[PDB]
Amino acid sequence: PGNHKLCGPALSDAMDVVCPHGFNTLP
Amino acid sequence: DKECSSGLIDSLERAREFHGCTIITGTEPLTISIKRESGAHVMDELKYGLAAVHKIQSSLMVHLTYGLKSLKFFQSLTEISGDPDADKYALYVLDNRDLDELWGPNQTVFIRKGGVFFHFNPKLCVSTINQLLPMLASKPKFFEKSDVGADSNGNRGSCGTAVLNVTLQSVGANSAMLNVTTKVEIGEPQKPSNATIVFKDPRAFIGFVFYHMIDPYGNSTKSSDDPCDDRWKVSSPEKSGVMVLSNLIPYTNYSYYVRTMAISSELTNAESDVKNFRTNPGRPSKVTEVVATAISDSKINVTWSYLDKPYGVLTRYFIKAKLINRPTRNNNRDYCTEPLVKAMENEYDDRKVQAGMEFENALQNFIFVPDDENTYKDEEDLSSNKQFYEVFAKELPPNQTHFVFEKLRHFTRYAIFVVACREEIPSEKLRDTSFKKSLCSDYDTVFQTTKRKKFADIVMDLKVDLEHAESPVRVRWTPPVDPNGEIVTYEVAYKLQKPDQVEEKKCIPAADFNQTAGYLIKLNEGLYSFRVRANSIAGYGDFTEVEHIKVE
Amino acid sequence: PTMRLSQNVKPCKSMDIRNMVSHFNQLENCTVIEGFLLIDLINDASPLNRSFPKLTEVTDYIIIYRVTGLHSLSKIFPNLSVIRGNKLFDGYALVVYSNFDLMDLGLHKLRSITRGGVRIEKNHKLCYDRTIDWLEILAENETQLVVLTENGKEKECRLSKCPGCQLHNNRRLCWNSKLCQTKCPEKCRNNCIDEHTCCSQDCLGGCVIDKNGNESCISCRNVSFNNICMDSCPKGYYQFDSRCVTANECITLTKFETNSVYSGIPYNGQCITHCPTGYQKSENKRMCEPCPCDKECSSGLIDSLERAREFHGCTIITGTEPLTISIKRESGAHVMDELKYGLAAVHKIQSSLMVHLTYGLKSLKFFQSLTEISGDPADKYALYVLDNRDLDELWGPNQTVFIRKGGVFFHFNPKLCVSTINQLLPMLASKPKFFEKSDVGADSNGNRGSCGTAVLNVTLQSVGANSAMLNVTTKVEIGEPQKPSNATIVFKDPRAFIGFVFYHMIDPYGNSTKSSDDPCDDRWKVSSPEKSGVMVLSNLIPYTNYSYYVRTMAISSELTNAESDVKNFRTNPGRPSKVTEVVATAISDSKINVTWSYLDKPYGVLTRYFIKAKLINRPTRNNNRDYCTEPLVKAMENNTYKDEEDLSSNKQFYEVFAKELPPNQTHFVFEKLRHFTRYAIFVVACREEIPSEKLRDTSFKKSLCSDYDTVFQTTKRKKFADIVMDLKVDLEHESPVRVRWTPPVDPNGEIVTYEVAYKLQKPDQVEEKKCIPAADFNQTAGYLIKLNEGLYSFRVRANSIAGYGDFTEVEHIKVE
Amino acid sequence: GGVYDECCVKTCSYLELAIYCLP
Ligand SMILES: *[C@@H]1O[C@H](CO)[C@@H](O)[C@H](O)[C@H]1NC(C)=O
Ligand SMILES: *[C@@H]1O[C@H](CO)[C@@H](O)[C@H](O)[C@H]1NC(C)=O
Ligand SMILES: *[C@@H]1O[C@H](CO)[C@@H](O)[C@H](O)[C@H]1NC(C)=O
Ligand SMILES: *[C@@H]1O[C@H](CO)[C@@H](O)[C@H](O)[C@H]1NC(C)=O
Ligand SMILES: *[C@@H]1O[C@H](CO)[C@@H](O)[C@H](O)[C@H]1NC(C)=O
Ligand SMILES: *[C@@H]1O[C@H](CO)[C@@H](O)[C@H](O)[C@H]1NC(C)=O
Ligand SMILES: *[C@@H]1O[C@H](CO)[C@@H](O)[C@H](O)[C@H]1NC(C)=O
Ligand SMILES: *[C@@H]1O[C@H](CO)[C@@H](O)[C@H](O)[C@H]1NC(C)=O
Ligand SMILES: *[C@@H]1O[C@H](CO)[C@@H](O)[C@H](O)[C@H]1NC(C)=O
Ligand SMILES: *[C@@H]1O[C@H](CO)[C@@H](O)[C@H](O)[C@H]1NC(C)=O
Ligand SMILES: *[C@@H]1O[C@H](CO)[C@@H](O)[C@H](O)[C@H]1NC(C)=O
Ligand SMILES: *[C@@H]1O[C@H](CO)[C@@H](O)[C@H](O)[C@H]1NC(C)=O
């Protein structure tokens, strides 16, 4: 998909679908 | 013309003072500062007073007003000469709460000199200011920030409302649903087809809120002259674009409209047109004040009326008349010993949503790392002897509320019913076979009795007898067959054929008629005249003619 | 007392459970987490077969976000006891957000939240939520940061049975159907084994009690060291978030922030995170060296105080971007102190600042470190305050930060009394005497909230049952102040003043607050302005609770108005209402029963019921028609209060039954009335007499009793007796027969006619009857008769106004 | 950078969001 302006829970859903696994951890 | 004084209008009565003033003069500005406490009819009085004026000599000012929605009362106003408030401002508008509209849309005013002033107008609409641009004589390209408090006006009164299609799918006799066919993008659309209306965040969009009410004329306006109004029943917000209404009045003319609810910080909104519908012909109201009177032993007059709501259109009146089981002998106590006279009886709050908003933003930014025969149809039940109908039914047109009925059983109490009914509406005929029904209303009983007959079935075959002709005299007759109700006693009577003798009389039950069909008495020697009457459950009967015999 | 800690302390720094259940192994054996802890993005928490009771505390805060496959938070933490709240995320301490599988918490082991608040949100499946008391688990000071919603309990969660378990605020206190909540005695504040058995207050999070009777604190009130609790650390050991730590280990230890890993600073006896004002961390980064202190930072926007964390320690703010505090909050939370931490360093800034769309800001007081903004643009506006529905005041009385350029822009600040703005003038370069009209809303700010105005007094001076009048006690300094102090109500210009206005309403409870701004929804009645300070009410409902208040309507664009508080009074008794649904019912020819009620405003202490019954003349013979023609077969029927029922002249019946009855009664029964006579009936309620009335209104106006109205009833039909008597028949010698009797002494009303009847003893014969309108019966001393030859029997029945009387008995006669 | 700054403030795209999707 192209350009994005996601906000609200939509951004969380978009992140979840963009990758089903893997985040660098905060520390 | 009256060229009445300009100056301060601090209250409505001052406008009342200047009633009918076509012209207003006085170089001092016309100042409008009504602080009335929202008690309605502020606009009405203003028009009553000021609607006559067509031209203003000096400038005019308005500020600190309470409860004023607009200046629309200036119906006659045409132009402002603007004589100095100063030369800078022909018209001045400051700190006007609740104000949201200027002169009538089809009207155009002319401003003679200088500029205007518009700041601190929270409910006034910045776009509306530009409408004054052609009105000014100098024809400026736009009103500058110095003149327009754009950031200080309309911040919770925005107006860019996209029109919203809204249509029902159907309606019952008591309910309806609304289904906004216009599609709204809650997230940023990323440019799909059309998407004419949009919001930057689903959370900021509370949902659709529905307004509806009852209006036979379908002309109720959106706004109200009194800012406080409740004619519109208002419901809870929802986001599915569909709502269901219930507890509605059958076949009632309604009016409705919907609006978008969003955070106050958010300033985009959408809005629908005023639309109406009717709510199916429902159950009719039962007939009103039905009453009847007997015209004869065979005839009765029946009357009624329909004052209550029809809840549709009356297809036809339906009548049912029945013979109840005829009044029966009350053997509890004796007749004869005592006779009977044949008597008879008868604003929104956003706090919680925004609190969720910002906390969620911070969190996400932190986490991530890099009893009735309802057939109701005309019919008659005819007696076996065919002298009367034990039941009668009839359809009648809905344009007359009285009728007469005949060929009833001569003596009896009757039970009758009248009911109105509605049509087989197309919305219902598709499945009005799996019961459903409900076309016709319920009803109430009417009880009445017919009059007594021409004569009380005068007992016939009267004769007098004597055996072994000494033995007592005997009197014989055939019992009545058509008395007004059950016969209760026979009243035999006779007189001696001489001057000043009384004519005796008797009473007796139905005894001994089976044995010999006649009564006997050991009457003394002489010549007498004989007659008889009988009495039924309908009290007294009537007498027969005379017969004569000599005795010894 | 110095004493043992429960279980050995195995501390471990902050850890994050992310993307995998396996990462729980990282949390092995920790008695405490010296930091924050979180669990997120575990969609399939089913493999959680292992639990960890060893841990009992985590210091900073907890967040649980977007986890499914987990039922109750207790599944992972059986024994988590306390949150020390050393750092508070978004001010909160407990956070659980958007976790669909979460129906329960079940954390019946936690005992104290040391600071901040709790936040469980949009976890739909959650149930048994409100039964948890969170006001007890927080600190006793002002700490109301409880936020709970979005669970659909009204339909999805009706399972709140609980055991029977303690019940307060009209519902049980629970975690689920099994685990009931428990408060230890008010002396404790959650430092207890159970509801009553508590250790020393040093034992935060409860305690373990040794079988030998030795207490064992689960956590220390102040600090810990070597599995012991003490009030202060030994010399040479710095305090680190729960415990005493050497300087070297403090250096090895670290405290985390959103984008930093700061190492511990052993300084002035505490393992400091970063230096205070006037100090800077040395290039060795092992201690804080003194400085000046001054520090520069970039401008920007502050949306949440979490971002405000980033601005701590900045003495200067640069960048042409207008600074904008844009925070909001459910309540008046820690925002003030957290912003104190974040901004107390800044004293100078390059560009202007705006505040808008903000909630919960009590004031700008936290900016006291500021001294000058210097302006920059937000074009040509020095300071901007727009739509902040909680801000009311800016700074301390002595704090005044100069503004060199631009004009202020204040709007929609409904709780900010404008008088505060009038203070801002000397800090602006032009030192003007007034603001330009486009600068500050004259009514868009402070109008909705009181936030000020001068105090005022008033007292009711006299009252009637229908009227009252009031009188202000405060002074009024019209023009030049004639008498300073003692409250003034100053109006520098007499032309500005107009007059006092009074408000009032009906209020049984007397807690209507004050005038309401919105159109309609008003219930107060306003009054015209008046000068003397005294005004009169009338047409008031008697004996009713009324509420009122007073305020100076004279705005005249003058901002020093005054206002009074609400006050209450009661009208005088007045006059009682009429008795309701009064009904009288016949019981016998001499007995009646009457019932009533008083379903209306008493208008005074009801003191009695005035029962009165007056005998009325019975209906009399009407000479309109001769009633022999047809019989009237049956009867038809439809001021100074005083006692003393009365009896008849012949003493046969009561003539009057004016009686005293208490308000206690609702019905009464009557006896010894006369048959077929009509009685007019009253029942009137009466109030007490006012102390003033019994010495001022004695002569007249009474009004102690209500209005009388007539109810009517008849004694029924008389008994059968006394119809006719002395019946006998005789002969004149062809000779006429004569019959005799004496008329009834007290018939059912006056005799209408005699009704004689006779019958032969012949079988099957029906009798014959005749009337007599009393004729000259007694002049002839008997009625006259002519019959045929034979033997006969006779009867008579009375015919009177009440209709037919019964027949008298028979006797027989022969004629030849 | 923070997502709320990199998204919902100024535009962005998935390929930019992929920076976060690192196991
Ligand atoms: C109704 O829908 C039509 C398209 O079907 C659209 O052109 C029109 O603008 C809509 N009108 C309103 C008032 O929504
Ligand atoms: C009614 O709602 C449904 C979805 O519930 C939608 O598909 C349909 O288009 C709506 N009707 C109209 C006329 O838009
Ligand atoms: C609607 O019509 C009724 C009847 O003609 C009229 O009384 C009423 O004033 C009308 N209202 C509007 C808003 O047109
Ligand atoms: C009633 O309606 C019938 C047709 O159904 C018509 O013949 C008759 O004239 C009408 N009478 C009145 C009084 O309207
Ligand atoms: C009797 O019946 C006739 C015919 O239905 C009607 O015209 C008349 O009004 C009735 N009588 C009364 C008193 O209504
Ligand atoms: C927890 O501590 C025990 C010793 O008490 C140790 O054997 C075990 O390995 C530790 N847990 C882990 C996950 O290493
Ligand atoms: C504030 O100023 C007043 C005089 O206006 C002074 O009396 C007071 O001591 C000052 N307070 C502080 C904390 O400086
Ligand atoms: C109002 O009360 C004061 C005492 O509080 C009294 O001196 C004054 O006369 C009163 N006003 C009137 C008009 O009686
Ligand atoms: C105003 O009333 C209060 C009590 O409500 C009283 O303490 C005070 O002295 C009064 N002030 C004046 C000036 O009467
Ligand atoms: C306040 O008044 C309301 C009615 O307006 C009443 O329901 C409530 O109990 C009152 N509360 C108190 C504390 O008086
Ligand atoms: C009188 O009426 C009252 C009405 O409540 C009833 O309780 C009482 O028993 C009655 N007494 C008599 C003697 O009728
Ligand atoms: C009514 O009076 C009786 C006797 O005097 C007394 O025992 C009772 O409590 C009273 N009831 C009421 C409601 O006053």
# chains A, B, ... in the order shown; residues from 1 in each chain; ligands from 1
>>> closest_atom_pairs(of="chain B", to="chain A", cutoff="10 Å", atoms="only C-alpha atoms", output="tab-separated table")
residue	atom	partner	partner_atom	distance
B:186	CA	A:10	CA	9.5
B:187	CA	A:6	CA	6.6
B:188	CA	A:5	CA	5.9
B:189	CA	A:5	CA	8.6
B:190	CA	A:4	CA	6.4
B:191	CA	A:3	CA	9.6
B:200	CA	A:7	CA	7.4
B:201	CA	A:7	CA	5.8
B:202	CA	A:8	CA	6.6
B:203	CA	A:8	CA	6.5
B:204	CA	A:8	CA	8.9
B:357	CA	A:8	CA	8.0
B:360	CA	A:8	CA	8.1
B:361	CA	A:8	CA	7.8
B:364	CA	A:12	CA	8.0
B:366	CA	A:26	CA	8.5
B:367	CA	A:26	CA	7.0
B:368	CA	A:26	CA	7.0
B:369	CA	A:26	CA	5.2
B:370	CA	A:24	CA	7.4
>>> write_last_selection(atoms="N, CA, C and O atoms", output="mmCIF file, in the first residue's frame")
data_model
loop_
_atom_site.group_PDB
_atom_site.id
_atom_site.type_symbol
_atom_site.label_atom_id
_atom_site.label_comp_id
_atom_site.auth_asym_id
_atom_site.auth_seq_id
_atom_site.Cartn_x
_atom_site.Cartn_y
_atom_site.Cartn_z
ATOM 1 N N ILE B 186 -13.744 6.617 8.795
ATOM 2 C CA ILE B 186 -13.325 6.911 10.162
ATOM 3 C C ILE B 186 -11.811 7.062 10.259
ATOM 4 O O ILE B 186 -11.316 7.986 10.909
ATOM 5 N N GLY B 187 -11.054 6.171 9.622
ATOM 6 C CA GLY B 187 -9.634 6.384 9.461
ATOM 7 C C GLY B 187 -9.354 7.230 8.240
ATOM 8 O O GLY B 187 -10.253 7.581 7.476
ATOM 9 N N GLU B 188 -8.086 7.570 8.047
ATOM 10 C CA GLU B 188 -7.734 8.339 6.867
ATOM 11 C C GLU B 188 -7.945 7.456 5.639
ATOM 12 O O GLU B 188 -7.368 6.362 5.563
ATOM 13 N N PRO B 189 -8.753 7.882 4.666
ATOM 14 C CA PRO B 189 -9.208 6.938 3.631
ATOM 15 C C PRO B 189 -8.093 6.337 2.795
ATOM 16 O O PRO B 189 -8.308 5.294 2.167
ATOM 17 N N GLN B 190 -6.915 6.959 2.767
ATOM 18 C CA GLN B 190 -5.886 6.666 1.764
ATOM 19 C C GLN B 190 -6.506 6.585 0.368
ATOM 20 O O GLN B 190 -6.152 5.737 -0.452
ATOM 21 N N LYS B 191 -7.451 7.493 0.109
ATOM 22 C CA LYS B 191 -7.988 7.802 -1.213
ATOM 23 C C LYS B 191 -8.669 6.611 -1.881
ATOM 24 O O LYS B 191 -8.185 6.108 -2.904
ATOM 25 N N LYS B 200 -10.161 12.343 10.965
ATOM 26 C CA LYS B 200 -8.751 12.019 11.130
ATOM 27 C C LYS B 200 -8.500 10.936 12.169
ATOM 28 O O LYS B 200 -7.384 10.411 12.231
ATOM 29 N N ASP B 201 -9.493 10.592 12.982
ATOM 30 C CA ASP B 201 -9.310 9.549 13.981
ATOM 31 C C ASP B 201 -10.658 8.933 14.335
ATOM 32 O O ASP B 201 -11.600 9.659 14.677
ATOM 33 N N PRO B 202 -10.797 7.606 14.271
ATOM 34 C CA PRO B 202 -12.081 6.997 14.654
ATOM 35 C C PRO B 202 -12.522 7.369 16.057
ATOM 36 O O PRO B 202 -13.715 7.595 16.292
ATOM 37 N N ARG B 203 -11.582 7.447 16.998
ATOM 38 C CA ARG B 203 -11.937 7.783 18.369
ATOM 39 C C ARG B 203 -12.557 9.168 18.489
ATOM 40 O O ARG B 203 -13.408 9.376 19.360
ATOM 41 N N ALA B 204 -12.159 10.115 17.640
ATOM 42 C CA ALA B 204 -12.723 11.457 17.729
ATOM 43 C C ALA B 204 -14.179 11.489 17.282
ATOM 44 O O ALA B 204 -14.911 12.422 17.628
ATOM 45 N N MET B 357 -7.894 9.132 24.889
ATOM 46 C CA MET B 357 -7.118 9.514 23.715
ATOM 47 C C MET B 357 -5.643 9.685 24.042
ATOM 48 O O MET B 357 -4.774 8.976 23.513
ATOM 49 N N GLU B 360 -3.686 6.706 25.569
ATOM 50 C CA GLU B 360 -3.381 5.703 24.556
ATOM 51 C C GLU B 360 -2.239 6.160 23.664
ATOM 52 O O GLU B 360 -1.353 5.367 23.318
ATOM 53 N N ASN B 361 -2.248 7.434 23.271
ATOM 54 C CA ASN B 361 -1.154 7.951 22.457
ATOM 55 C C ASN B 361 0.179 7.774 23.171
ATOM 56 O O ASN B 361 1.149 7.264 22.593
ATOM 57 N N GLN B 364 1.234 3.977 23.333
ATOM 58 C CA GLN B 364 1.710 3.419 22.075
ATOM 59 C C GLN B 364 3.069 4.007 21.713
ATOM 60 O O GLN B 364 3.955 3.299 21.226
ATOM 61 N N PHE B 366 5.307 4.958 23.805
ATOM 62 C CA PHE B 366 6.281 4.389 24.725
ATOM 63 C C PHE B 366 6.685 2.970 24.351
ATOM 64 O O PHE B 366 7.861 2.611 24.479
ATOM 65 N N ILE B 367 5.739 2.150 23.893
ATOM 66 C CA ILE B 367 6.007 0.717 23.785
ATOM 67 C C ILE B 367 7.051 0.429 22.710
ATOM 68 O O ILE B 367 7.988 -0.347 22.929
ATOM 69 N N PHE B 368 6.915 1.042 21.539
ATOM 70 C CA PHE B 368 7.594 0.552 20.347
ATOM 71 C C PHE B 368 8.961 1.211 20.173
ATOM 72 O O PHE B 368 9.109 2.430 20.284
ATOM 73 N N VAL B 369 9.960 0.376 19.895
ATOM 74 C CA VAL B 369 11.359 0.687 20.194
ATOM 75 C C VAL B 369 12.009 1.671 19.225
ATOM 76 O O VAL B 369 12.358 2.786 19.639
ATOM 77 N N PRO B 370 12.201 1.329 17.936
ATOM 78 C CA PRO B 370 13.173 2.163 17.222
ATOM 79 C C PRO B 370 12.586 3.455 16.669
ATOM 80 O O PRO B 370 13.315 4.391 16.340
#
>>> select_by_dssp(residues="region 218-398 of chain B", states="helix (DSSP H, G or I)", output="list in words")
residues 351, 352, 353, 354, 355, 356, 357, 358, 359, 360, 361, 362, 363, 364, 365, 366 and 367 of chain B
>>> write_last_selection(atoms="C-alpha atoms", output="PDB file, in the first residue's frame")
ATOM      1  CA  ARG B 351     -13.578  14.680  28.857  1.00  0.00           C
ATOM      2  CA  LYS B 352     -13.528  10.891  29.183  1.00  0.00           C
ATOM      3  CA  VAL B 353     -12.910  10.258  25.485  1.00  0.00           C
ATOM      4  CA  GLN B 354      -9.973  12.674  25.363  1.00  0.00           C
ATOM      5  CA  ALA B 355      -8.538  11.243  28.580  1.00  0.00           C
ATOM      6  CA  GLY B 356      -8.482   7.869  26.860  1.00  0.00           C
ATOM      7  CA  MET B 357      -7.118   9.514  23.715  1.00  0.00           C
ATOM      8  CA  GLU B 358      -3.962  11.022  25.126  1.00  0.00           C
ATOM      9  CA  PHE B 359      -3.136   8.140  27.464  1.00  0.00           C
ATOM     10  CA  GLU B 360      -3.381   5.703  24.556  1.00  0.00           C
ATOM     11  CA  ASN B 361      -1.154   7.951  22.457  1.00  0.00           C
ATOM     12  CA  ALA B 362       1.495   8.071  25.180  1.00  0.00           C
ATOM     13  CA  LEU B 363       1.329   4.309  25.746  1.00  0.00           C
ATOM     14  CA  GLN B 364       1.710   3.419  22.075  1.00  0.00           C
ATOM     15  CA  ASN B 365       4.558   5.910  21.678  1.00  0.00           C
ATOM     16  CA  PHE B 366       6.281   4.389  24.725  1.00  0.00           C
ATOM     17  CA  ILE B 367       6.007   0.717  23.785  1.00  0.00           C
TER      18      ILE B 367
END
>>> closest_atom_pairs(of="chain B", to="ligand 2", cutoff="6 Å", atoms="only C-alpha atoms and all ligand atoms", output="CSV")
residue,atom,partner,partner_atom_place_in_ligand_line,distance
B:179,CA,ligand 2,1 (C),5.0
B:180,CA,ligand 2,14 (O),5.9
B:181,CA,ligand 2,14 (O),3.2
>>> residues_near_ligand(ligand="ligand 6", cutoff="10 Å", atoms="only C-alpha atoms and all ligand atoms", output="list in words")
residues 10, 24, 25, 26, 27, 28, 29, 30 and 54 of chain C
>>> residues_near_ligand(ligand="ligand 10", cutoff="9 Å", atoms="only C-alpha atoms and all ligand atoms", output="list in words")
residues 507, 508, 509, 510, 511 and 512 of chain C
>>> interface_residues(of="chain B", to="chain C", cutoff="8 Å", atoms="only C-alpha atoms", output="ChimeraX atom specification")
/B:37-39,64,67,95,119-120,149,152,227-228,265,336-337,351-352,354-355,358-359,362,366,501,505-508
